[PDB]
């Protein structure tokens, strides 16, 4: 494991263009791939634990660790859940699901079309009727897919 931090350290330093100790959105968007990926900002936001807008080394380490052969379905899905859960309050609201989906789908669906499938998605999974989605209910809908198996780096 001691080697991992050294590798991650050298990597963190490279990405750190101005060498300030943290990683800004501007620097992540320096890479050729991390600018065509519609979910880069969402990933940065999740790694950004203290909400300072940037990603320091420790957060970089904790973020990367979620995607390991050591981890299990649990944390993998939690990270998945966090993508949709924008304000991080432990629930996926109707608006958040729409916005995050809008990010991936772009203009391929009309607003009314995307909204209707968002409503039916929530109605189907919302077992307590509070109009939103908790982690438990999320796991209930997406669990047999085994998406966590492809979430490894």
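Here the rigid core means the biggest group of C-alpha atoms that line up within 1.5 Å when the two forms are laid on top of each other. Positions refer to the first chain, counted from 1.
Do the Cα atoms of 39-47 or those of 105-113 sit farther, on average, from the shown form in 9 other deposited structures of this protein after fitting on the core?
Evaluated in 9 other deposited structures of this protein, the stretch farther from the shown form is 105-113.
Residue range whose averaged C-alpha B-factor is higher in the record, 37-45 or 62-70
Higher mean C-alpha B-factor: 62-70.
Per the entry, where is the mean C-alpha temperature factor higher: 12-20 or 131-139?
The stretch with the larger average C-alpha B-factor is 12-20.
Residue 106 CA temperature factor, ranked by third within the chain:
For residue 106, the deposited C-alpha B-factor lands in the middle third.
Using only modelled residues of the chain, where does the Cα B factor of residue 51 rank: lowest third, middle third or highest third?
Middle third of the chain for residue 51's C-alpha B-factor.
According to the PDB entry, is the CA B factor of residue 82 in the bottom, middle or top third of its chain, that is, lowest, middle or highest?
Residue 82: CA B-factor falls in the lowest third of its chain.
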